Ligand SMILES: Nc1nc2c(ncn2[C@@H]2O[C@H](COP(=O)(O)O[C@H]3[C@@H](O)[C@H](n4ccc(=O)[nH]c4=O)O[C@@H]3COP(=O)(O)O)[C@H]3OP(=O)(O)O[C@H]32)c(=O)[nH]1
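Heads up, the chain below is alone and in the form deposited without this ligand; it's given as structure tokens.
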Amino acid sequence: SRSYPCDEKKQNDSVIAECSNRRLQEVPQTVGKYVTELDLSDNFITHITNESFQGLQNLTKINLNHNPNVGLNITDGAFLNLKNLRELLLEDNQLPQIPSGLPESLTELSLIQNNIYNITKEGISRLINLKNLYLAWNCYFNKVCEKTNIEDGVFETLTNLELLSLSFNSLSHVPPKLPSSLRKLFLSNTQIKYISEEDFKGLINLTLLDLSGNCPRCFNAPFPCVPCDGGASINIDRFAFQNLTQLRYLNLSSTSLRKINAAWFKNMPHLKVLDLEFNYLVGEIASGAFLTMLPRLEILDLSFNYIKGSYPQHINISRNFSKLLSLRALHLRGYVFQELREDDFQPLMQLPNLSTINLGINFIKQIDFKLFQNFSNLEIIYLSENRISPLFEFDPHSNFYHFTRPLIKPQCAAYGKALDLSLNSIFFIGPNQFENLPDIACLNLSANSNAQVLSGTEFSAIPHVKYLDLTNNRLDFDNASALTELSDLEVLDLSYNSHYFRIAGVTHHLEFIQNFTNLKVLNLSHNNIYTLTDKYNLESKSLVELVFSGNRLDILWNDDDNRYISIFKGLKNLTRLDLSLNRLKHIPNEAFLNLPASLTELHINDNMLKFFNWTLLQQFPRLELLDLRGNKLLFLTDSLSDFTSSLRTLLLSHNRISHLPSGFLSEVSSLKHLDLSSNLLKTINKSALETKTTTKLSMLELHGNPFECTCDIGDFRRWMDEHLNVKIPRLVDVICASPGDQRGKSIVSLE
């Protein structure tokens, strides 16, 4: 009754087996008969037939992707016996052709990343229930492939299709006879030079059109890239877009566009996001008669339109930018200019809804920051990666021309207005630096190569910063009053400042941490801190989370030094502590007891520990999570239930533990989750996990243990069938060691 090899979960009242990554040479027949969704993805299966999926009714979905992993042979009508399948995922299977005789029940089919160069009536036209069809990434780049032949009006018979992606195939022409029902159509990187009037003419329901990468701009492309003759523009008919009144999204990126016809937008009152990236638009950004046509546009991406070899003094913004009323975010990146002036952004200053200006990668030497205060709604000022001074490698399921991640880390932005100066040249903060800025909750100073001693006078122009990123500088903390002018400070990231800390002869002062009443999260990671000056303790009444990882506690806690024994005790509010990567061989008993007793979460993981005193857990009544992972530990206590009543989760994975003590799990009612994976365990005696009282443990991880496959594991196997509420994951990965006959075989298979 324990599901194998498939792990089974419950989602939306429904039933889904996860068989992915299971090294399956063939499709299991042991699948739960109730299963709605079957994921075979990333396996070794080389064959599909009519016997494979039998006995299975409610399956609406099959993921066959990535088989076999590092030549999938499918029989005609192998999938026909199943009338309930909507979604079918065949991606990355090295398929020569579309599989013949697919069920007509298919709403959604994914052929992405295959060898199919021929789209035929036989493979498609008989599926009338097709909603979304993905053919993308079959013929592209320098791959050896045939130009894609698309049989006349093959999609003509699909009256229900709202999504079609042919992107990254060799087409050269938009296929004739496209169904009216089309909503989203992806034509990107199809090598199409010409868009006629009659191509999209009959689609009135299109909400999205992707023409990107046709007549590409190939200079400095990090992919094989072939431009149109002379590197000319795509030729788009004056009337090509006239009958799309419903279009929300238009991706024109990398089309080599020098000038844009404003009459393309005549019929599109609803245009929302316009992607103009990777063209030559500097002239159009200077004048831009096409802007007056976009009153509803929310997002506009003009990024990377730079003229080759040019490094102008100022950016030139058309006054017509005042005509985009609903604009929210504006991306200008790789425009490459020297100096941003107050009067250059004038057209943007009256835009009511524009919260985001992306200026990244412009090589800007200087800005007057009083212009950002003359805007209305700005929540995000993204200046990252500039010169500002003081005073398959491509995911077919992702956007090709930019990253889809947030500009600012959501944790930071949630506090308020955001200013990202990261990856710049400001190595020193002058008294006047931040003057005339808005009220800044979130400030990113990361990677500014800042060597200064912070005296507490630096941020006084913007005292209300909640979240401060100082990461990856070389910071000299010689002053006890540092950063104290920020009274409302909550999150502080000091990570990767190790420059001065690692020099012993200089002075280091951390005392500033006590002065913060609201301080909550503090990152002190990877600072290589082995020594401090006159003050050996970190003390805060507010602080909650402290990440001390990547420092030397092996030195601080050295047996011959009593000075740092209390180092964390002064943090009385602290529920979370990260001691990882400190090279700890052991923790002196006196130093462990001096840990804050408020801790609910403690990570000592990824150290060298050969010893752990479990009796010391008596002093931590609030501790729900203990992370011991990635150590040398040989030793487990049998008395643990006498040591802690509070422990929900215990992670022991990747240790040297060879033996489970008799009465280990007994009488501890708290422990839900136990990670024993990747240990030295040969067997489990009957008396290890037996608990006379009530056992709340719902998860046990045994994978990676050298199990003796003899009759001695009968006690444990029996224990497994006796409790089915304990989930052991990766049951194909719990693998018998000895005897040599049973080596490689799962423990769940035995006489």
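The numbering used is simple: start at 1 and walk along the sequence shown. Residues that one form lacks are left out of the comparison. Here, rigid core means the biggest group of C-alpha atoms that superpose within 1.5 Å across both forms.
The next section is about a form of this same protein that is not shown, the form deposited with this ligand bound.
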Discussion item. By the heavy atom within 4.5 Å rule, which residue out of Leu171, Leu82, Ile299, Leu647 makes contact with this ligand in the entry with it bound?
Written reply: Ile299
Worksheet item: Of the residues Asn114, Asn358, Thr190, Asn655, which one places a heavy atom within 4.5 Å of this ligand in the entry with it bound?
Response: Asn358
Discussion item. Only one of 559 to 567, 656 to 664, 674 to 682, 272 to 280 has heavy atoms within 4.5 Å of this ligand in the entry with it bound; I'd like to know which.
Written reply: 272 to 280
Practice prompt. Answer for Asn142 alone: is it within 4.5 Å of this ligand in the entry with it bound, judged on heavy atom distances?
Written response: no
Worksheet item: Hey, in the entry with it bound, is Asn497 touching this ligand, heavy atoms inside 4.5 Å?
Response: no
Worksheet item: Going by a heavy atom distance of 4.5 Å, is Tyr194 a contact of this ligand in the entry with it bound?
Response: no
Worksheet item: So in the entry with it bound, does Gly153 come within 4.5 Å of this ligand, heavy atom to heavy atom?
Response: no
Worksheet item: Fit the core first: which of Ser666, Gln191, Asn115, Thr637 then shifts its CA by 2 Å or more between this form and the one not shown?
Response: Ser666
Worksheet item: Core superposition done; which regions of 3+ residues show CA shifts of at least 2 Å throughout between this form and the one not shown?
Response: 665 to 667
